[PDB]
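Colleague:
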Amino acid sequence: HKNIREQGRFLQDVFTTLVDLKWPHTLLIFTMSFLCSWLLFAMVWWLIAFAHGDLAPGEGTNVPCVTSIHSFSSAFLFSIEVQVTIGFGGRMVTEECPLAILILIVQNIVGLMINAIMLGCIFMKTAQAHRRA
Amino acid sequence: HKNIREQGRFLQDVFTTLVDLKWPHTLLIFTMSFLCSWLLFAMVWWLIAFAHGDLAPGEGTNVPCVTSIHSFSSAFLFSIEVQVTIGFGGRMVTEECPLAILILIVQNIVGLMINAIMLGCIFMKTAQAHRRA
Amino acid sequence: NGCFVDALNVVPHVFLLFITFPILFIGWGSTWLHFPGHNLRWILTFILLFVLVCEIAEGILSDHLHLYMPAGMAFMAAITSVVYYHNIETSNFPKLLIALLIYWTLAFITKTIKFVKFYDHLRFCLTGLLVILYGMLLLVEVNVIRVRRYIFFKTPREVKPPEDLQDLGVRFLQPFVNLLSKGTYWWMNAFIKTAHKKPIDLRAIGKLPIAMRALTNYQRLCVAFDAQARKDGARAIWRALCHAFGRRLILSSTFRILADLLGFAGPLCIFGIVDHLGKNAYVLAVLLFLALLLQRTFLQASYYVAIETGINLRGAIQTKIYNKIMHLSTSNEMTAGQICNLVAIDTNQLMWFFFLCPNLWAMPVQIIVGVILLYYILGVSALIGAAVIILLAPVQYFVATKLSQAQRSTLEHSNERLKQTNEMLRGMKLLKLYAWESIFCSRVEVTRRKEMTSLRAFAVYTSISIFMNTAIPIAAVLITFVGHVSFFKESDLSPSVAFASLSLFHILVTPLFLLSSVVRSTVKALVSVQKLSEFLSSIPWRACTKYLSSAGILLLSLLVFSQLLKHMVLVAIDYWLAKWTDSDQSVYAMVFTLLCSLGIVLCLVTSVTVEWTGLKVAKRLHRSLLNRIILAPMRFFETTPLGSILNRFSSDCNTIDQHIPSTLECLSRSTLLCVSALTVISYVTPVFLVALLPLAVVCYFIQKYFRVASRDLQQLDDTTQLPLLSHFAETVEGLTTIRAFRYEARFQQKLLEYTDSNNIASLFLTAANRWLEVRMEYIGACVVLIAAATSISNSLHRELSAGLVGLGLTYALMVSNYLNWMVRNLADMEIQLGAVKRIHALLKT
Ligand SMILES: COc1ccc(Cl)cc1C(=O)NCCc1ccc(S(=O)(=O)NC(=O)NC2CCCCC2)cc1
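Structure, rendered in structure tokens:
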């Protein structure tokens, strides 16, 4: 085909576009979705623990919003611990800071929504029966 | 049928092949998928804790990459604890070793992908309505 | 809380880099829509790239990862903004734009917080520049939403992508691509790759856009001529052309002057680096890399815009003088020949003068900046040197004029010879029926000796030109350095001063030659426009092996070894200057003088050798061709058409004599200079050698794909030139019949068709030349980047030797131009050798 007046419907079919793709591309874009979201929230958590000052190592006169947080690495470990719902519990989010409550209550719902779509679309894929063609 | 020039399309229909199977075979191959992946990552974790030297029981001058790991058994318990997303948290992966972070960040995504396919295909199966035939 | 604000800045780049990856991966797993501010957006994005490089420099100077991460993140954020805008230009959306707008607003907020917290207490200027750029990009996005209806009520009233450059099959899409590719000619990758496999033709070629046709340029020119004649000549037609071609020419000229400025700027940062290490240098190295690439890119865009304006002008005035050919009277043979010369030489003169127009504006500023810069580096002595080089420019012109005179004389003789041939190749049976052929061959050889006699003086002038070309660079350094230290003030000449002077000497020698040709072209174009106004208002190695074996073993080695020795002297003089620098100064200067004398003597010897050898080869080849054609059977002469047999002698001989010696000399000088420069930059830094062999192999792949197309397009040009001119002549003779039949419309249609078919070819050819130029130049800048990056560390931290970096930097700043000379002269030599091969094809009859 030549000279297609693309009005954008090619991407407007957002998931009916990528459910057409091969397996390596679809697996790549799924891992990239997951890693993108995880890194986003790990950054925001690192920042919030830095900003509260709980990141500054100090004994007493405070309780960290997230108990036992030290560096970026442990923060990314907390992000993957709460996002993908393993819940290790070595670092505890506490009832002292409601801002952390908000970040958790949006983290989890976005996690659940993107998990729901990334399951429905892979299943809609496994009904590729062109192989039977 | 006799003398089928198999060019491999019989297996190239990877999941549209096994969604045809009976229930005992499909349940067998699903438990074998899950146990295969779990044992693979339990072995690699046992090895990484051995290699860091955190496996050598010693008090001080170190912190294990995974707190409270002693033997292969507890390592396989850690593998099933993080893979299938129960997250017991008795053994804690720590922010001292980024190699353990990498093994976790691939463990979880492969776990999620194989969980997604092993749900989509069983559902694509429960639309077997030949019984209605 | 400095680290806190650094992190707050890192966040939005991360947000954008994370949203870009799904869409970019879907898009990575033919209608171009452009938006207002596109070119402004790309310009601002390149300015962002520059400021981000500066921020990385600051972060290196300070070091604390979290303190310089913001620059490294904005870098990927701007590149991903470019990727987004490419994905939107390819397919339009209202949402991706808002996705950019969010990021712009958040980055502006973070930069504002940084600025406030700094005000309460180098960083200041960079942060301010970033603020201004992000704000202007925000305003661009606001303009874009204001244009269409993304946030507005439902409908856009969207443009309906431009059919001029995107409708029905067309291939030359210059005006309709991304403003980065408008500079780097990336759209030619597909054409040249397809051209490698399938032979190009007019069916495989595109059709000219509506922006440049016979009709468009004729319309603009006639509108200007109308607006100028309604207010009522040579000056009139001139001003009409000027006002008609307007903005494009001055745009090219200003591109050109900015490039000239940055080119004069390069050697000064070289000087600064050389100073710093002997007593803040990595920054200067990366700045040198950036400035080289930008200067050369702007130079090339300037060339192309000028060439396109010239092609427009040629098409316009051609169809105009054809429109005039319809209304002329019958009372006005000689006029037909004058008309067809008015299209074959006068119009080409006009168009090539329009090529060289911006060079005439950019040359004076170049020589002025050069002289003022070299004065402040070498002092009063510099002035003396600045005279010598300049003195070569008028002399050159004089030399050129002599050439022309000689040419005229030679041409005369040549013409007569052709006459004395046309008889023999027609009375063939008559001639051989009584064997009077040798009697006429004696006369033909008598003419040939006179022709040979003229050629000696012509080649002597060519030799003098080539000799001065490389003699003045040596003489400048000789009479400047000997006249600076051991004459005036005994000032300690740091390596930086000498090597910066060397660089500036080459950067000033390159433009000087062009001024002479520019003056000649300008006066000739003035005469041709006066004339127009008076009228309008009434190949394997075997071909070269045989070519050089016709010379004999006597002169082959005498040429090759002399060239090798001249280049060895030209490198050894600088090698000894390197040891001269650090400080027996008098003995040093005397050795420098000895080397300078050896260089010029050897250059004169080589030039005379090339001249003598070329003349002898032409003689022997012509005599052998004549003798072998004499002894042919009659049926052979009857079988072969006369055009091919006559044509070889008419052109092949002429072409070879006129162009093979000069082009061969230029190719040899270019290839040996390139090899010498590579060896220099290798000896300076050993490890750099191992890094340069990869890149050079890249050039191999760039070679093949070029030639297999550059040849092809070339011949196509020739073909579209042949029926055009002939057509003109047909209209002139049978003019009464054509004005009687009232067939003027169809013939004008045919001539517009022919001039379009000519322009598409002459346009794709310049596009391909620009492509090869820009890519070879990008690699020639990569090599100097890597060379400087290795030299600053290896030759300072460990080796601690300062005389090295000078030679390496000075040769790597210029290796690219020698590379380009090499490749272009190679293409020309190949087409000329392919022309020669048919002479040997005729020799075996
Ligand atoms: C030799 O360079 C220069 C170096 C420095 C300066 Cl300050 C100016 C020039 C220069 O040349 N002045 C600009 C005008 C100009 C003319 C020819 C060329 S060109 O490259 O030789 N030729 C082509 O591009 N296309 C040809 C054009 C004729 C029809 C067939 C295709 C490039 C540019």
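Protein chains in written order, with UniProt numbering: chain X, 46 to 178; chain P, 46 to 178; chain G, 24 to 52, 63 to 96, 103 to 160, 167 to 277, 283 to 329, 354 to 406, 411 to 616, 996 to 1040, 1060 to 1321.
Where is the CB? At the ideal position from N, CA and C, for every residue including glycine.
Which of the residues in the region 196-209 of chain G, read from start to end, lie with their CB under 9 Å from any CB of chain X?
Modeller: For the region 196-209 of chain G, which is checked against every Cβ of chain X, the residues closer than 9 Å are 203, 205 and 206.
Colleague: Quick one: list the residues of chain P neighbouring residue 101(X), beta-carbon separation under 7 Å, in chain order.
Modeller: Neighbours of residue 101(X) on chain P: none; closest Cβ ~17 Å, over 7 Å.
Colleague: With a threshold of 7 Å (Cβ to nearest heavy atom), would residue 589(G) be considered close to ligand 1?
Modeller: It does: the Cβ of residue 589(G) is within 7 Å (strictly closer) of some heavy atom of ligand 1.
Colleague: Kindly indicate which three-state DSSP category residue 1081(G) falls into: helix, strand or coil?
Modeller: Residue state, collapsed to three classes: helix.
Colleague: Under 7 Å from any heavy atom of ligand 1, does the C-beta of residue 433(G) make it?
Modeller: Answer for residue 433(G): yes, Cβ within range of ligand 1.
Colleague: Give a yes or no on contact between the region 1091-1103 of chain G and the region 560-574 of chain G, applying the rule of three or more CB pairs nearer than 8 Å.
Modeller: No: the two stretches stay apart, fewer than three of their Cβ pairs being nearer than 8 Å.
Colleague: Would you identify the three-state DSSP class for residue 1184(G), choosing helix, strand or coil?
Modeller: Correct three-state label for residue 1184(G): helix.
Colleague: Can you list the residues of chain X that residue 57(P) reaches, using a CB-CB cut of under 7 Å?
Modeller: Under the 7 Å cutoff, chain X gives 176.
Colleague: I'd like to know whether the C-beta of residue 249(P) is nearer than 8 Å to at least one C-beta of chain X.
Modeller: Given that chain P is displayed from residue 46 to residue 178, the structure contains no residue 249(P) and the question cannot be resolved.
Colleague: Let me check understanding here. Comparing Cα to Cα, which of 554(G), 397(G), 1192(G) and 568(G) lies closest to residue 580(G)?
Modeller: Comparing Cα positions, the closest option is 554(G).
Colleague: Hey, is the region 394-404 of chain G in contact with the region 430-442 of chain G, meaning 3+ C-beta pairs nearer than 8 Å?
Modeller: No: fewer than three Cβ pairs fall under 8 Å.
Colleague: If we count the other Cβ atoms within 10 Å of its Cβ and call it buried at 16 or more, is residue 96(G) buried or exposed?
Modeller: Per the 10 Å Cβ criterion, exposed.
Colleague: Report the rounded CA-to-CA distance for residue 1223(G) versus residue 254(G), giving the unit in angstroms.
Modeller: For residue 1223(G) and residue 254(G), the distance between alpha carbons rounds to 22 Å.
Colleague: Once DSSP output is grouped into helix, strand and coil, what is the label at residue 138(P)?
Modeller: The answer is strand: DSSP assigns residue 138(P) an E or B state.
Colleague: Would you kindly work out how many angstroms separate the C-alpha atoms of residue 1065(G) and residue 1004(G), rounded to a whole number?
Modeller: Answer to the nearest angstrom: the Cα atoms are 44 Å apart.
Colleague: Just checking residue 592(G) against ligand 1 - is the residue's beta carbon closer than 7 Å to any of the ligand's heavy atoms?
Modeller: Checking every heavy atom of ligand 1 against the Cβ of residue 592(G), one is found closer than 7 Å.
Colleague: Taking the alpha helix (DSSP H) that residue 231(G) falls in, what are its first and last residues?
Modeller: First-last for residue 231(G): undefined, no H or E at that position.
Colleague: Whose C-alpha, out of 146(G), 1088(G), 128(G) and 127(G), is nearest the C-alpha of residue 116(G)?
Modeller: Cα-wise, what sits closest to residue 116(G) is 146(G).
Colleague: Return helix, strand or coil for residue 64(P), following the three-state DSSP convention.
Modeller: Coil.
Colleague: Considering only C-alpha positions, which residue in the set 121(G), 1233(G) and 93(G) is nearest to residue 40(G)?
Modeller: The candidate whose alpha carbon is nearest that of residue 40(G) is 121(G).
Colleague: Report the CB separation of residue 78(G) from residue 123(G) in whole angstroms; it is logged as a contact under 8 Å.
Modeller: With 8 Å as the limit, residue 78(G) and residue 123(G) do not qualify as a contact, their Cβ atoms being about 11 Å apart.
Colleague: If you draw a straight line from the alpha carbon of residue 1317(G) to that of residue 247(G), how long is it in whole angstroms?
Modeller: For residue 1317(G) and residue 247(G), the distance between alpha carbons rounds to 30 Å.
Colleague: Tell me, which residues are paired with residue 111(P) by DSSP?
Modeller: In the DSSP output, where bridge partners are listed per residue, residue 111(P) has 138(P).
Colleague: If you run the structure through DSSP and keep just helix, strand and coil, what is residue 169(P)?
Modeller: Reduced to three states, the DSSP call for residue 169(P) is helix.
Colleague: Can you give the Cα-Cα distance for residue 362(G) and residue 1035(G), rounded to whole angstroms?
Modeller: One C-alpha to the other measures close to 22 Å.
Colleague: Going along the chain, which residues of the region 157-176 of chain X sit with their C-beta nearer than 9 Å to a C-beta in chain P?
Modeller: Result list: 160, 163, 164, 165, 167, 168, 169, 170, 171, 172, 173, 174 and 176.
Colleague: With a Cβ-Cβ cutoff of 8 Å, do residue 132(P) and residue 131(X) count as a contact?
Modeller: In contact: residue 132(P) and residue 131(X) (Cβ atoms closer than 8 Å).
Colleague: Less than 7 Å between the CB of residue 1139(G) and some heavy atom of ligand 1, yes or no?
Modeller: Every heavy atom of ligand 1 is 7 Å or more from the Cβ of residue 1139(G), so no.
Colleague: Can you list the residues of chain X that residue 146(P) reaches, using a CB-CB cut of under 8 Å?
Modeller: Correct list: 118, 121 and 122.
Colleague: Taking the CB atoms as reference points, tell me whether residue 309(G) and residue 376(G) lie closer together than 8 Å.
Modeller: In contact: residue 309(G) and residue 376(G) (Cβ atoms closer than 8 Å).
Colleague: Check the Cβ-Cβ distances between residue 140(X) and every residue of chain G, and say whether any is below 8 Å.
Modeller: No, because no Cβ of chain G sits closer than 8 Å to the Cβ of residue 140(X).
Colleague: With the cut-off set at 8 Å, would you say residue 1077(G) and residue 374(G) are in Cβ contact?
Modeller: The answer is no: Cβ separation not under 8 Å.
Colleague: Assuming residue 504(G) is part of the alpha helix (DSSP H), what are its boundary residues?
Modeller: Run containing residue 504(G): none; DSSP gives neither H nor E here.
Colleague: Below 8 Å on the Cβ atoms is my contact criterion, and I expect residue 500(G) with residue 390(G) to pass it. Report the Cβ-Cβ distance as a whole number of Å.
Modeller: Contact flag wrong, Cβ pair sits at about 39 Å.
Colleague: Should residue 302(G) be listed as close to ligand 1, given that the test is whether its C-beta is under 7 Å from any heavy atom?
Modeller: Not so, every heavy atom of ligand 1 lies at least 7 Å from the Cβ.
Colleague: In chain P, what lies closer than 7 Å to residue 70(X) by C-beta?
Modeller: None at all; the shortest Cβ gap to chain P is about 14 Å.
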